[PDB]
Each structure stands twice: as C-alpha cells, then as structure tokens.
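Undergrad: One structure follows; several queries about it will come next.
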Amino acid sequence: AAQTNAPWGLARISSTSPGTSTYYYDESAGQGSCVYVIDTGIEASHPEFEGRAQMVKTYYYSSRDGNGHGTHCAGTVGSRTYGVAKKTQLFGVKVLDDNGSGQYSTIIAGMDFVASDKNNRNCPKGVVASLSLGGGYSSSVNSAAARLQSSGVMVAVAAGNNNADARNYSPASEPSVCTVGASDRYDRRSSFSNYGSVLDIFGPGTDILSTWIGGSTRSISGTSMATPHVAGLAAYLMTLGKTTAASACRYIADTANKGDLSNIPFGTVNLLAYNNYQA
Ligand SMILES: [Ca+2]
Ligand SMILES: [Ca+2]
C-alpha cells in the first residue's frame, strides 16, 4: 500500500532516504495488534480512528482527552491518515491530566493496569504500549516500565525533550524498554531530543502532523511524537510476524536506517526506525 502526500514522518519510516512523500506499508497495517496509549486519553470519536480507538481506564474525573496530546500520539500510532499502523486497535489509559501532567504513582498504576488488562483483550498479534511521557529519574517508574515489558508488552517510551543524557529521566532510562529519540525531516537529531547510551532508536519527532481534540489536526514536536512512530511500527511488524513484543525493539534497531542522522553525540545509536517495506 502507498499513502501519497503522507506526513513526512510516515514517509521517512518507509524510506532509506529523507525527503520523500509517500508512505509505503504492507496493507495488513497492524490489524490484530493492540496499542495502549498511556497519556492524556484519546478522543475515540475522532473520525480518523474509524471506531478502532476506545478508552479503557482513566485516573481522573473523566476519560475525555481534554488536552490533545494523547489524541495526537494515538493518531501517530494508528489513525487512518496520520498513523503508522492504520488498522491497529487503540486503547487509551489516561494517566495524565488535561494539562498534560501526571503523578508518578498514577503513571505506575496505569502501567500495571495495562499489564493486567491486556489479559482480557483479544490482541492475537500482540500488545504494544506507547509512553510519550516522563520526568526525572525514578527507580520505581523504571521498574514499572520493566514489569510492563516483562509481562509481554512491547513498551516504547520517549527519551525526553531535555537535549540531555536520557540516563537522568524515567522511564527513558529503564534499559529493558525501547527508548525513542526524535529526528527532524532533514535527518538531524531534533534540537530538543535527549541522547545517550540508553536510547535504542530514533523516530520522526519534529513537526509531526496528527489528530487533535475537537475532531481536528495539528503539528507538534517532541520525543512524544517519535515514540508512537516506534510503537506503531512495532505493532505493524508484530502483525507481519517479523518480531514479538519481547524482541521488537531489538528487531527495529537491527533493521533501522544506520548512520543517516546528524548531530548524534558519540555513544548514542545512529539508528532511525525503518519498516523495510518491499512491495
Ligand atoms: Ca540512508
Ligand atoms: Ca532499551
């Protein structure tokens, strides 16, 4: 399948080179996989989700995404026009408030929730969790992300937007999950992206068009935008049977575009998520 005039990030993950405009992807599109978006929620009614999104848990008064961030990330995972895995199922877990903030204990609870809740869902091609969030280092947040990964969920987490070493941020610093840095459409590390030995992979993160609340769309930037590219690609590759939740991050790194990025500090991987799609 080919989506013409796609958002640059979708084009980038299906090309060995920057500057293309078509998103080439296998039509299975993540069907049969499930991605939990742990964030401000998901506006499931957005026409771009086509019925495939639902809220499953909130830690606040409403399940409504009153911010847009979680809707945007969910759209990059799996919306029709803006998504990597256009046929995946999306489950929203609202651990962040409508200002985009959330206490670590609530974020931990939401990770534990996904580890259990997945056992009640029919996700035959496997389960992914996209965590476009984080703050300062916390061993308990890291442990929660490690548990979620251990339970059988492919966990993708943002590296953080501090232009600093991700070792000081969580859950970015948890080794066992897939920590995602951000790049721009010219294949530079995004100016804000964290870096460091713990990063596993980079994804498109600067000027990412996706769904927004109110049935709208907008472009925003962050490692929060790169993370759902990788979560969606994992779902896509799991549906293709090329990898599993336990091994998807390593598979994505070993099939990434290598050395294409600039302003990567020595000791940080130079790997850009790539679907390797061949018609
Ligand atoms: Ca290249
Ligand atoms: Ca890792």
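Residue numbering restarts at 1 for every chain of the structure tokens, chains are lettered A, B, ... in their displayed order, and ligands are numbered from 1 as they appear.
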Write out as a ChimeraX atom specification the residues lying within 8 Å of residue A:169, counting only C-alpha atoms and excluding same-chain residues fewer than 3 positions away.
TA: /A:134-138,159-160,166,172-173
Undergrad: What are the closest atom pairs, with distances in Å to one decimal, for each residue of chain A lying within 8 Å of ligand 1, using only C-alpha atoms and all ligand atoms, rows by chain and rising residue number, as CSV?
TA:
residue,atom,partner,partner_atom_place_in_ligand_line,distance
A:15,CA,ligand 1,1 (Ca),7.9
A:16,CA,ligand 1,1 (Ca),4.4
A:17,CA,ligand 1,1 (Ca),4.5
A:18,CA,ligand 1,1 (Ca),7.4
A:257,CA,ligand 1,1 (Ca),5.9
A:258,CA,ligand 1,1 (Ca),7.0
A:259,CA,ligand 1,1 (Ca),7.3
A:260,CA,ligand 1,1 (Ca),5.0
Undergrad: Given a cut-off of 7 Å, what residues near ligand 2 show up using only C-alpha atoms and all ligand atoms, put as an MDAnalysis selection string?
TA: chainID A and resid 174:179 198:200
Undergrad: Would you write out those residues with N, CA, C and O atoms, as an mmCIF file, in the first residue's frame?
TA:
data_model
loop_
_atom_site.group_PDB
_atom_site.id
_atom_site.type_symbol
_atom_site.label_atom_id
_atom_site.label_comp_id
_atom_site.auth_asym_id
_atom_site.auth_seq_id
_atom_site.Cartn_x
_atom_site.Cartn_y
_atom_site.Cartn_z
ATOM 1 N N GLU A 174 15.038 3.282 31.771
ATOM 2 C CA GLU A 174 14.891 1.851 32.019
ATOM 3 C C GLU A 174 15.486 1.073 30.857
ATOM 4 O O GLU A 174 14.993 1.192 29.727
ATOM 5 N N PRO A 175 16.516 0.269 31.074
ATOM 6 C CA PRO A 175 17.174 -0.387 29.932
ATOM 7 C C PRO A 175 16.267 -1.318 29.154
ATOM 8 O O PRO A 175 16.411 -1.435 27.934
ATOM 9 N N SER A 176 15.349 -1.998 29.824
ATOM 10 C CA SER A 176 14.650 -3.098 29.186
ATOM 11 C C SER A 176 13.529 -2.670 28.241
ATOM 12 O O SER A 176 12.951 -3.530 27.587
ATOM 13 N N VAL A 177 13.172 -1.385 28.193
ATOM 14 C CA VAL A 177 12.138 -0.937 27.267
ATOM 15 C C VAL A 177 12.794 -0.325 26.035
ATOM 16 O O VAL A 177 14.017 -0.359 25.899
ATOM 17 N N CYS A 178 11.998 0.227 25.115
ATOM 18 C CA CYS A 178 12.525 0.798 23.879
ATOM 19 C C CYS A 178 12.473 2.316 24.013
ATOM 20 O O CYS A 178 11.400 2.915 23.950
ATOM 21 N N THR A 179 13.634 2.931 24.250
ATOM 22 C CA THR A 179 13.715 4.364 24.487
ATOM 23 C C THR A 179 13.966 5.081 23.171
ATOM 24 O O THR A 179 14.936 4.780 22.467
ATOM 25 N N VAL A 198 21.420 4.897 26.582
ATOM 26 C CA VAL A 198 20.195 4.125 26.791
ATOM 27 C C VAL A 198 19.227 4.237 25.615
ATOM 28 O O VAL A 198 18.296 3.422 25.509
ATOM 29 N N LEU A 199 19.416 5.200 24.708
ATOM 30 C CA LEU A 199 18.495 5.267 23.580
ATOM 31 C C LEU A 199 18.646 4.020 22.731
ATOM 32 O O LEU A 199 19.764 3.561 22.474
ATOM 33 N N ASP A 200 17.515 3.479 22.282
ATOM 34 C CA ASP A 200 17.507 2.327 21.393
ATOM 35 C C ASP A 200 17.379 2.707 19.926
ATOM 36 O O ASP A 200 17.843 1.956 19.062
#
Undergrad: If you run DSSP on this backbone, which residues of stretch 197-269 of chain A come out as strand (DSSP E), and could you give them as a PyMOL selection string?
TA: chain A and resi 201-204+208-212+216-220+257-258
Undergrad: For a quick check of understanding, using only C-alpha atoms, which of A:126, A:205, A:215, A:267 has the smallest distance to residue A:243?
TA: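 The answer is A:126, which sits nearest to residue A:243.
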Undergrad: Considering only alpha helix (DSSP H) as DSSP defines it on the backbone, what residues of stretch 74-141 of chain A qualify? List them as an mmCIF file with N, CA, C and O atoms, in the first residue's frame.
TA:
data_model
loop_
_atom_site.group_PDB
_atom_site.id
_atom_site.type_symbol
_atom_site.label_atom_id
_atom_site.label_comp_id
_atom_site.auth_asym_id
_atom_site.auth_seq_id
_atom_site.Cartn_x
_atom_site.Cartn_y
_atom_site.Cartn_z
ATOM 1 N N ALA A 74 -1.868 8.963 19.797
ATOM 2 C CA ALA A 74 -2.682 7.851 19.313
ATOM 3 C C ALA A 74 -2.862 7.952 17.814
ATOM 4 O O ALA A 74 -2.856 6.928 17.125
ATOM 5 N N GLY A 75 -3.034 9.181 17.277
ATOM 6 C CA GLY A 75 -3.156 9.300 15.828
ATOM 7 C C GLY A 75 -1.891 8.879 15.090
ATOM 8 O O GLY A 75 -1.953 8.294 14.007
ATOM 9 N N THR A 76 -0.712 9.138 15.682
ATOM 10 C CA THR A 76 0.525 8.701 15.033
ATOM 11 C C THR A 76 0.686 7.194 15.114
ATOM 12 O O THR A 76 1.236 6.586 14.197
ATOM 13 N N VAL A 77 0.208 6.560 16.186
ATOM 14 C CA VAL A 77 0.206 5.099 16.197
ATOM 15 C C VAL A 77 -0.706 4.561 15.097
ATOM 16 O O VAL A 77 -0.301 3.720 14.298
ATOM 17 N N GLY A 78 -1.964 5.008 15.078
ATOM 18 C CA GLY A 78 -2.955 4.255 14.340
ATOM 19 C C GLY A 78 -4.116 4.996 13.705
ATOM 20 O O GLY A 78 -5.105 4.338 13.390
ATOM 21 N N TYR A 104 3.794 10.358 39.370
ATOM 22 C CA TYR A 104 4.473 9.102 39.075
ATOM 23 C C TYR A 104 3.683 7.890 39.579
ATOM 24 O O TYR A 104 3.600 6.866 38.897
ATOM 25 N N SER A 105 3.069 7.993 40.758
ATOM 26 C CA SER A 105 2.293 6.856 41.251
ATOM 27 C C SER A 105 1.124 6.531 40.328
ATOM 28 O O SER A 105 0.776 5.358 40.154
ATOM 29 N N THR A 106 0.512 7.561 39.725
ATOM 30 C CA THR A 106 -0.588 7.324 38.789
ATOM 31 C C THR A 106 -0.065 6.717 37.494
ATOM 32 O O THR A 106 -0.676 5.803 36.937
ATOM 33 N N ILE A 107 1.093 7.180 37.031
ATOM 34 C CA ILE A 107 1.681 6.608 35.826
ATOM 35 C C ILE A 107 2.063 5.153 36.057
ATOM 36 O O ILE A 107 1.866 4.294 35.190
ATOM 37 N N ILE A 108 2.653 4.860 37.211
ATOM 38 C CA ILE A 108 2.934 3.471 37.545
ATOM 39 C C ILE A 108 1.661 2.637 37.554
ATOM 40 O O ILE A 108 1.629 1.528 37.017
ATOM 41 N N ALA A 109 0.612 3.136 38.221
ATOM 42 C CA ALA A 109 -0.632 2.374 38.272
ATOM 43 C C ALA A 109 -1.127 2.064 36.865
ATOM 44 O O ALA A 109 -1.597 0.947 36.595
ATOM 45 N N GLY A 110 -1.012 3.033 35.949
ATOM 46 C CA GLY A 110 -1.502 2.823 34.596
ATOM 47 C C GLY A 110 -0.688 1.784 33.850
ATOM 48 O O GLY A 110 -1.236 0.978 33.090
ATOM 49 N N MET A 111 0.631 1.739 34.104
ATOM 50 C CA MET A 111 1.435 0.663 33.525
ATOM 51 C C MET A 111 1.018 -0.698 34.079
ATOM 52 O O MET A 111 0.884 -1.670 33.328
ATOM 53 N N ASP A 112 0.842 -0.797 35.399
ATOM 54 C CA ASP A 112 0.391 -2.072 35.960
ATOM 55 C C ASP A 112 -0.976 -2.440 35.414
ATOM 56 O O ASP A 112 -1.269 -3.611 35.193
ATOM 57 N N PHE A 113 -1.834 -1.438 35.228
ATOM 58 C CA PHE A 113 -3.155 -1.693 34.672
ATOM 59 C C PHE A 113 -3.049 -2.344 33.303
ATOM 60 O O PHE A 113 -3.724 -3.338 33.027
ATOM 61 N N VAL A 114 -2.183 -1.811 32.430
ATOM 62 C CA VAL A 114 -2.076 -2.374 31.087
ATOM 63 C C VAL A 114 -1.583 -3.806 31.147
ATOM 64 O O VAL A 114 -2.051 -4.665 30.398
ATOM 65 N N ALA A 115 -0.625 -4.087 32.044
ATOM 66 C CA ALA A 115 -0.079 -5.437 32.139
ATOM 67 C C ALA A 115 -1.160 -6.448 32.474
ATOM 68 O O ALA A 115 -1.122 -7.590 31.993
ATOM 69 N N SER A 116 -2.137 -6.052 33.278
ATOM 70 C CA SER A 116 -3.246 -6.942 33.589
ATOM 71 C C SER A 116 -4.348 -6.881 32.538
ATOM 72 O O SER A 116 -4.874 -7.921 32.126
ATOM 73 N N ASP A 117 -4.730 -5.668 32.127
ATOM 74 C CA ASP A 117 -5.896 -5.501 31.275
ATOM 75 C C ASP A 117 -5.731 -6.223 29.955
ATOM 76 O O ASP A 117 -6.732 -6.643 29.356
ATOM 77 N N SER A 139 13.535 5.082 40.139
ATOM 78 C CA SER A 139 13.678 3.639 40.009
ATOM 79 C C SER A 139 12.322 2.928 40.017
ATOM 80 O O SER A 139 12.173 1.881 39.380
ATOM 81 N N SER A 140 11.325 3.479 40.710
ATOM 82 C CA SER A 140 10.012 2.842 40.718
ATOM 83 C C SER A 140 9.297 3.030 39.385
ATOM 84 O O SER A 140 8.586 2.127 38.936
ATOM 85 N N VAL A 141 9.444 4.194 38.741
ATOM 86 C CA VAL A 141 8.875 4.337 37.400
ATOM 87 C C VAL A 141 9.575 3.384 36.439
ATOM 88 O O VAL A 141 8.925 2.666 35.665
#
Undergrad: Need the shell around stretch 84-87 of chain A: protein/DNA/RNA residues with any atom at most 7 Å away, counting only C-alpha atoms. Skip same-chain ones fewer than 4 positions apart. Format as a list in words?
TA: residues 10, 29, 30, 31, 76, 77, 78, 79, 80, 229, 232, 233, 235 and 236 of chain A
Undergrad: Determine, counting only C-alpha atoms, which protein, DNA and RNA residues have an atom within 9 Å of an atom of stretch 90-100 of chain A; residues of the same chain fewer than 6 positions away are not included. Present the result as a ChimeraX atom specification.
TA: /A:33-44,49,52-60,62-71,74,77-78,106-111,113-114,133
Undergrad: Which residues, written as JSON, numbers by chain, have at least one atom at most 12 Å from residue A:270, with only C-alpha atoms counted and residues fewer than 2 positions away on the same chain left out?
TA: {"A": [180, 181, 182, 183, 187, 188, 189, 195, 196, 197, 199, 200, 201, 202, 203, 253, 254, 256, 257, 258, 259, 260, 261, 262, 263, 264, 265, 266, 267, 268, 272, 273]}
Undergrad: Which is closest to residue A:127 among A:88, A:217, A:8, A:226, if we use only C-alpha atoms?
TA: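 Checking each of A:88, A:217, A:8, A:226 against residue A:127, counting only C-alpha atoms, the winner is A:88.
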Undergrad: Quick one: of A:129, A:252, A:73, A:148, who's nearest to residue A:222, counting only C-alpha atoms?
TA: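 Closest residue, counting only C-alpha atoms: A:73.
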Undergrad: Which residue is closest to residue A:146? Choose from A:206, A:170, A:224, A:4 and count only C-alpha atoms.
TA: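 When distances to residue A:146 are compared using only C-alpha atoms, the smallest one comes from A:170.
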Undergrad: Could you tell me how far atom CA of residue A:204 lies from atom CA of residue A:145, in Å and to one decimal?
TA: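 Straight-line distance from atom CA of residue A:204 to atom CA of residue A:145 works out to 22.5 Å.
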Undergrad: How many Å separate atom CA of residue A:5 from atom CA of residue A:207?
TA: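 Distance reported for this atom pair: 15.0 Å.
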